[PDB]
Amino acid sequence: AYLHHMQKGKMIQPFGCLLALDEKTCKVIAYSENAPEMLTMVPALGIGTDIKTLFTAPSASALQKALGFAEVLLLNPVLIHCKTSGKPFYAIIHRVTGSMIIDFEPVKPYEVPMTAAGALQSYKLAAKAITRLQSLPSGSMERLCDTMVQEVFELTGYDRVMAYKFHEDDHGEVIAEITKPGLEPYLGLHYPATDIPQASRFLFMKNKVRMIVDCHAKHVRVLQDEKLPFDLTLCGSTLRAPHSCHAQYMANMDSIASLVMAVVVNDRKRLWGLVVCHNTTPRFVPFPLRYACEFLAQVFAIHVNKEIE
Amino acid sequence: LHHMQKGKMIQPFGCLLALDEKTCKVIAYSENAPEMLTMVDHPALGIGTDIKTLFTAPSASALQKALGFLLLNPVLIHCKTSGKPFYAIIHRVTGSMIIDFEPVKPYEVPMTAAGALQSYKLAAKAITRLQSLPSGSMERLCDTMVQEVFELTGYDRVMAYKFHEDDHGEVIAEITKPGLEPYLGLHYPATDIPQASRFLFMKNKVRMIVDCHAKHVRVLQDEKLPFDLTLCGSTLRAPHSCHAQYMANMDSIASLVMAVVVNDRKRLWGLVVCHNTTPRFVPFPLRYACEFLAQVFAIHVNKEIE
Ligand SMILES: *[C@H](C)[C@H]1/C(=C/c2[nH]c(/C=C3N=C(/C=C4\NC(=O)C(CC)=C4C)C(C)=C\3CCC(=O)O)c(CCC(=O)O)c2C)NC(=O)[C@@H]1C
Ligand SMILES: *[C@H](C)[C@H]1/C(=C/c2[nH]c(/C=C3N=C(/C=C4\NC(=O)C(CC)=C4C)C(C)=C\3CCC(=O)O)c(CCC(=O)O)c2C)NC(=O)[C@@H]1C
């Protein structure tokens, strides 16, 4: 049941908007319902729209040029400007067979001159983290995980950061934790397997970093071309809305916002666990920082697998 | 020392402005800056020009904020009429804020963040390969460093150049494109690298020369400025004429040099030296990534001695 509704991914979070394009025609074959408002000035946006009508000439050309690379050759994000408004967005591209799917995340105008500076700064901080993991003496899973949650806490600014390990019966245990002062600790607690369905663990193998900005936000529908006789697969989107059971789960534990990083060993390939960030209030972090976190989690996974041996 | 610090020439691949640390107005500029930044009241660019007349408002605001600091480089700026974009690289000296401007292709502006992330990722992967090395073999450590830099930077030749106790140098590792003659193993006199150059490398850890044959450009300053403006910290500083000549005879038209400073007790261990047969330019984000790679390399060198 869970996998169907997560794979189709027809509901997104409202912090961004989504377009899907036909690789052959470059025209819009699906869009989220908030996309006309975000990207135009309400020359419309609908099924069949050409993207050269929406963005400035260098922007349209950069996206058009992405159509011609293999996915492993995609460099994200792309900085685009809207043609009428001048509004800037980060465009995050991925491919599913003959479709190109694009997530658009807003950028503040005063942030634009700092886009390269901020990207370098995020990766530099992550790189300094990697050196401290590596400097650590071997022999203690506990010290390794403490160092990791401490580094992530400083890098990401969330109220709570946990290392969550899966046991062989698939139930989980919180084995390391750092929080801001007032909060209730979860260190040492065990949780049922069913708190994280099989389908979610499966998706984490491919989508290694997941952000939920606000569990109470009103989700937005994706509309697709009525001519299509199948559903598009949108689960690779950075914007996919959380299933309502989990959004209800979040509100109950006063984690209004979250950032989760998969820890995949032998990347025998196995989901060892998760690094779980919670925030009491809504929180957004831009793509370059999440991208750096993905690499930090990869290196962490190498050290985890070393200690096992 | 006094025609590297008080020498007033830059390489022509970019241009330079210096601004007064209080008024924010132009107190020095390279002779190529008017055509590069305005396309040639008053001559649009001279002593006393206000940066609000040169750049779009978001661009000028971002530079005003930097004068208020802490520095994250580079800043992406657009010129006011042309919309012509540059990377602005900022540093401070006692009297002034100095800005090096390196051009960006207008149609590449959408990919600036993407390219910066990719540069740092490749350097971060190189860092993990150095770390995973079994300790004990200085040869293996240095061979790995030159291989990674070669792949990252795309230069024709990459060598590790070690300083001996008498300050003479030795090439102890090297990788080149096929068919180039090796220099591995050669010893060179201490005088090839004067002490003044060594002292600069302590502060400016990455130095790029795009084309030893390029015609250098003068920096003009107000003659009543109560101090002498130094260019030691500019990414654009011209090579000394002895070295421009030294490079031509050895068919290194372009170079990229990384200092290797241990106990960063502080001493210059050596250099990672990249050479190219033809002119070569690499953008600031890649040089910035190389700086961190060089610091991490220095730590492993220091470990090997001990
Ligand atoms: C509804 C009947 C059942 C249900 C479904 C469900 N859960 C998830 C996803 C996650 N569940 C967790 C669990 C935890 N988070 C924590 O912080 C802790 C320790 C305090 C636990 C145990 C996590 C981390 C996830 C991943 C969330 C993410 O991707 O950010 C899903 C998938 C949701 C989606 O839309 O991707 C579903 C469907 N949960 C229940 O408890 C019910 C039994
Ligand atoms: C002129 C009278 C003397 C002189 C001066 C001089 N040298 C440098 C700087 C450098 N010299 C070297 C030397 C080498 N490069 C190599 O590739 C090799 C081995 C194959 C050697 C021995 C290097 C690497 C530098 C640094 C250059 C840089 O910053 O990119 C300077 C500094 C130039 C400047 O303006 O910074 C000067 C003045 N060289 C001679 O040979 C004379 C004896």
Side-chain angles (χ1 to χ4, degrees), chain A residues 12 16-71 73-96 98-109 111-113 115-116 119 222-225 232 234 236-239 286-288, chain B residues 56 58-59 76-79 82-86 103-118:
Chain A
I12 62 153
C17 65
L18 176 151
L19 300 179
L21 308 185
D22 185 309
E23 148 153 46
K24 280 239 65 191
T25 72
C26 208
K27 313 207 203 128
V28 172
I29 63 172
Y31 62 96
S32 62
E33 280 191 306
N34 64 336
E37 190 37 48
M38 268 191 29
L39 300 180
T40 74
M41 288 223 77
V42 280
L45 194 170
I47 304 305
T49 293
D50 196 303
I51 65 171
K52 294 185 221 59
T53 70
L54 295 180
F55 310 120
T56 65
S59 283
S61 176
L63 298 179
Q64 185 172 133
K65 200 145 303 196
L67 290 172
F69 294 100
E71 192 168 21
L73 299 186
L74 286 171
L75 304 182
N76 277 312
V78 181
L79 199 56
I80 66 80
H81 293 78
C82 298
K83 192 170 199 307
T84 310
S85 61
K87 273 210 280 173
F89 291 79
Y90 280 145
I92 303 111
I93 306 176
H94 71 276
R95 296 194 75 45
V96 177
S99 306
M100 183 168 81
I101 306 165
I102 315 166
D103 297 312
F104 296 83
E105 305 181 4
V107 168
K108 298 293 222 140
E111 288 171 339
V112 173
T115 62
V222 178
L223 304 184
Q224 68 169 45
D225 187 350
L232 298 173
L234 304 183
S237 174
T238 68
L239 308 174
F287 175 82
Chain B
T56 69
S59 296
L76 191 49
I77 70 90
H78 295 265
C79 295
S82 63
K84 189 182 184 353
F86 296 80
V104 175
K105 255 172 95 196
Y107 270 64
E108 293 180 0
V109 166
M111 303 304 295
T112 54
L117 294 168
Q118 174 76 356

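Labels below follow one simple rule: chain letters A, B, ... track the order of the sequence lines, proteins then strands, and each chain is numbered from 1. Just the heavy atoms: all of them, side chains too, but no hydrogens, waters or symmetry mates, feed the values below.
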Residues A:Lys87 and A:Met38: closest non-hydrogen pair is NZ-O, 2.7 Å
dist A:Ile92:CD1 -> A:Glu105:CD (nearest 0.5 Å) comes out at 3.5 Å
Rounded to the nearest 0.5 angstrom, the NE2-CZ distance for A:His81 and A:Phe55 is 12.0 Å
Taking atom CD of A:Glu71 as the centre, report whether more than 12 heavy atoms of other residues, nucleotides or ligands fall under 6.0 Å from it.
yes
| query | If only atom types and distance count, is the side chain of A:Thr40 paired as donor or acceptor with the main-chain N or O of A:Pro36 below 3.5 Å? | reply | yes
In short, A:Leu79 meets A:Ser59 closest at the heavy-atom pair O-OG, 3.9 Å
Residue pair B:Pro58 / A:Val112, side-chain heavy-atom distance below 4.5 Å: no
**Study point:** Test item: A:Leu232 and A:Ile101 side chains (from C-beta on) under 4.5 Å apart, heavy atoms
**Key:** no
Shortest non-hydrogen pair, A:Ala44 vs A:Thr49, comes out as O-OG1, 3.7 Å
Value for CG (A:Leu74) from CE (A:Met100), rounded to nearest 0.5 Å, stands at 8.5 Å
Might you work through the side-chain contact (heavy atoms from CB on, under 4.5 Å) test for A:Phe69 and A:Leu75, ending with a clear yes or no?
CA-CA 10 Å; A:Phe69 294 100; A:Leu75 304 182; over 6 Å; no
Rounded to the nearest 0.5 angstrom, the CD1-CD1 distance for A:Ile47 and A:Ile29 is 8.0 Å
Value for CG (A:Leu63) from CG (A:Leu21), rounded to nearest 0.5 Å, stands at 8.0 Å
So CG of A:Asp22 and CG of A:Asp225: to nearest 0.5 Å the spacing works out to 9.5 Å
Could A:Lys52 and A:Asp50 be called an ion pair, given the rule that one side-chain N must be under 4.0 Å from one carboxylate O?
yes
Here the pair of heavy atoms bringing A:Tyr31 nearest to A:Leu45 is CG-CD2, 3.9 Å
query: Heavy atoms, side chains only, cut-off 4.5 Å: are A:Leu39 and A:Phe89 in contact?
result: yes
Shortest non-hydrogen pair, A:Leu239 vs A:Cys17, comes out as CD1-O, 3.2 Å
*Sub-3.5 Å donor-acceptor pair from the side chain of A:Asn34 to the main-chain atoms of A:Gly16, do we have one?*
yes
Measure the shortest side-chain to side-chain distance between A:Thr53 and A:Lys83 over non-hydrogen atoms and say whether it is less than 4.5 angstrom.
no
Taking the side chain from A:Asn76 and the backbone from A:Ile93, do they hold a donor-acceptor pair closer than 3.5 Å? yes
Tightest non-hydrogen contact, residues A:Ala35 and A:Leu19, listed as CB-CD2, 4.2 Å
Handout entry: Side-chain heavy atoms of B:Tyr107 within contact of B:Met111, under 4.5 Å
Key = no
